Amino acid sequence: XXXXXXXXXXXXXXXXXXXXXXXXXXXXXXXXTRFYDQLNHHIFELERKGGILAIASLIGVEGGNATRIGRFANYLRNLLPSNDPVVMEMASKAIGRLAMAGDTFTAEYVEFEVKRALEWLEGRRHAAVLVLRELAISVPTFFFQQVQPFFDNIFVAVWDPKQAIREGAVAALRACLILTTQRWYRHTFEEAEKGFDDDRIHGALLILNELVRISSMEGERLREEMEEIXXXXXXXXXXXXXXXXXXXXXXXXXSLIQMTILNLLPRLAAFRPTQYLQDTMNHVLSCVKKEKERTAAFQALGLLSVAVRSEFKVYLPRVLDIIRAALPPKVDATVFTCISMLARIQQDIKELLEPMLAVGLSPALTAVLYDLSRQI
Numbered sequence: 017x018x019x020x021x022x023x024x025x026x027x028x029x030x037x038x039x040x041x042x043x044x045x046x047x048x049x050x051x052x053x060x061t062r063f064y065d066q067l068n069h070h071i072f073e074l082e083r084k085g086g087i088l089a090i091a092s093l094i095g096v097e098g099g100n101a102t103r104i105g106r107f108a109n110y111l112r113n114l115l116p117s118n119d120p121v122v123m124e125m126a127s128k129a130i131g132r133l134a135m136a137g138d139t140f141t142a143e144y145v146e147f148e149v150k151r152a153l154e155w156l162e163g164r165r166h167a168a169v170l171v172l173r174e175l176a177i178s179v180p181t182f183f184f185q186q187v188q189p190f191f192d193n194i195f196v197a198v199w200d201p202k203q204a205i206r207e208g209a210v211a212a213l214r215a216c217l218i219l220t221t222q223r233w234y235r236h237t238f239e240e241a242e243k244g245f246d258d259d260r261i262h263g264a265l266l267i268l269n270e271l272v273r274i275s276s277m278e279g280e281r282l283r284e285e286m287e288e289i356x357x358x359x360x361x362x363x364x365x366x367x368x369x370x371x372x373x374x375x376x377x378x379x380x386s387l388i389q390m391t392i393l394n395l396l397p398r399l400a401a402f403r404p410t411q412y413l414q415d416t417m418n419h420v421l422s423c424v425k426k427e428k429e430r431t432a433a434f435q436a437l438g439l440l441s442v443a444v445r446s447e448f449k450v451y452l453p454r455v456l457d458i459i460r461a462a463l464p465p466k478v479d480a481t482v483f484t485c486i487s488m489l490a491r497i498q499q500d501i502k503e504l505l506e507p508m509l510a511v512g513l514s515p516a517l518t519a520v521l522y523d524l525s526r527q528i
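The deposited numbering puts the sequence shown at residues 17 to 30, 37 to 53, 60 to 74, 82 to 156, 162 to 223, 233 to 246, 258 to 289, 356 to 380, 386 to 404, 410 to 466, 478 to 491, 497 to 528.
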């Protein structure tokens with residue numbers, strides 16, 4: 017009970039590590061209690084990954100009520116202020132599993148974390169974002185109690201000179217603005242467009269991406285399915367002209388900006404579908425030859441083909457020659484995903505089969521060829 021559990025928990029810190043945390047939950051479901065509190069403290073202070088695996092897994096297993104929240108809150112509150120990568124995001128998941136238990140302390144515990152996150156907003165700044173993102177998923181009600189401080193504090197913290205924050209801080213804006221839609234939009238577009246007028261490019265474009273995508277679910281529902289295999359409408363010409371001017375100018379200026392361009396180009400075209413399309417197609421086709429953007433280039437090209445139906449048919453001979461040249465040598480996991488969305497145009501796919509199958513058996517290929525025969 018005590019000695020054998022402490023030995024198996026030591027192996028989690030030192037595939038097999040997550041299995042011991044799952045086996046500890048299976049053994050704890052059958053059930060001593062004091063030694064598990066000491067065993068969490070033994071692994072905590074030294082290790083931090085194996086300690087989070089022990090604490091977070093036993094929540095929603097044994098039956099932790101009032102005494103368990105007060106103890107384990109102190110461990111999570113110490114990790115978040117300053118930590119390394121990977122350990123930070125696991126510690127933020129440990130908030131979410133504890134916070135969705137449905138106890139009386141949830142009102143106090145969540146609002147303690149949300150209020151302290153606004154003070155910070162770099163291993164400090166990105167931590168507050170991971171707390172706010174994970175609490176928005178797990179606890180929708182008590183996260184809505186501080187929305188006006190949320191939007192105002194984040195537009196100060198986003199524009200600090202960092203890349204790791206820009207990826208996560210827009211995901212906090214994603215988790216917050218989705219809660220507004222189901223139940233602010235002017236304050237997002239006003240403060241974002243002020244920022245555009258290379259640190260002030262790739263962050264603004266990701267913030268504008270949220271306003272295009274939430275306003276029109278038609279853009280995301282094409283993207284969500286292929287992966288498995356008023357406000358924005360008013361300032362459409364203002365947002366589209368600023369992004370197209372930013373994309374056409376910044377061709378080889380500063386990997387990150389080219390990645391955010393290929394995210395927006397299809398989602399802006401899916402909002403409102410020739411000169412905008414012709415400038416898009418020149419940027420997309422040229423990005424395929426270059427590496428880094430080669431994965432995202434076909435993804436944008438696949439989204440654009442479904443949204444823009446008739447006008448894309450002129451650029452079929454250009455795209456299909458690149459696909460016919462890319463496959464013969466055998478990265479290609481995305482190549483198959485976009486050929487399914489290209490049909491979503498029939499006789500040309502018959503010639504595409506003799507290299508497609510010659511690549512080899514992959515989980516992407518047989519997922520595609522099955523869903524290829526469904527639609528056409």
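Positions of the beta carbon are idealized from the N, C-alpha and C atoms, including for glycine.
Environment of residue i [buried if 16+ CB atoms lie within 10 Å]
i           : result
residue 152 : buried
residue 173 : buried
residue 103 : buried
residue 137 : exposed
residue 286 : buried
residue 419 : buried
residue 398 : buried
residue 435 : buried
residue 484 : buried
residue 429 : buried
residue 88  : buried
residue 478 : exposed
residue 273 : buried
residue 206 : buried
residue 126 : buried
residue 92  : buried
residue 212 : buried
residue 237 : buried
residue 83  : buried
residue 86  : buried
residue 74  : exposed
residue 393 : buried
residue 463 : buried
residue 396 : buried
Option in the options with minimal Cα separation from residue i
i           : options            : result
residue 416 : 451, 262, 95       : 451
residue 465 : 498, 510, 485      : 510
residue 522 : 399, 389, 288      : 288
residue 499 : 185, 528, 259      : 528
residue 424 : 117, 97, 390       : 390
residue 461 : 143, 497, 275, 508 : 508
residue 154 : 192, 131, 260      : 192
residue 482 : 433, 446, 134      : 433
residue 221 : 396, 180, 259, 242 : 180
residue 266 : 410, 189, 209      : 209
residue 186 : 216, 489, 120, 83  : 216
residue 387 : 284, 411, 123, 260 : 260
residue 124 : 448, 169, 140      : 169
residue 501 : 519, 459, 512      : 459
residue 214 : 275, 243, 199      : 275
residue 199 : 258, 395, 394      : 258
residue 449 : 463, 457, 497, 426 : 497
residue 68  : 108, 519, 98       : 108
residue 95  : 131, 106, 62, 73   : 131
residue 128 : 140, 112, 505      : 112
residue 223 : 188, 184, 243, 270 : 184
residue 403 : 277, 194, 426      : 277
residue 140 : 167, 503, 171, 99  : 99
residue 218 : 270, 246, 242      : 270
residue 526 : 490, 503, 505, 150 : 490
residue 233 : 188, 105, 244      : 188
residue 244 : 204, 195, 235, 284 : 195
Distance between beta carbons of residue j and residue i, contact taken as under 8 angstroms
i           : j           : result
residue 71  : residue 110 : Between residue 110 and residue 71 the Cβ distance is about 10 angstroms, and since that is not below 8 angstroms, they are no contact.
residue 443 : residue 282 : 7 angstroms
residue 148 : residue 175 : 6 angstroms
residue 446 : residue 480 : Contact doesn't hold; Cβ gap of about 29 angstroms is too wide.
residue 197 : residue 156 : 4 angstroms
residue 202 : residue 162 : 6 angstroms
residue 455 : residue 440 : At roughly 10 angstroms, the Cβ-Cβ gap does not stay under 8 angstroms, so residue 455 and residue 440 are not in contact.
residue 487 : residue 524 : 6 angstroms
residue 145 : residue 134 : 6 angstroms
residue 263 : residue 401 : Rounded, the Cβ-Cβ distance is 22 angstroms, inconsistent with contact.
residue 182 : residue 142 : 6 angstroms
residue 116 : residue 165 : No, residue 116 and residue 165 are not in contact; Cβ-Cβ is about 11 angstroms, not under 8 angstroms.
Heavy atom of the ligand HEM within 6 angstroms of residue i beta-carbon
i          : result
residue 73 : Here there are no bound small molecules, and the ligand HEM is not part of this structure.
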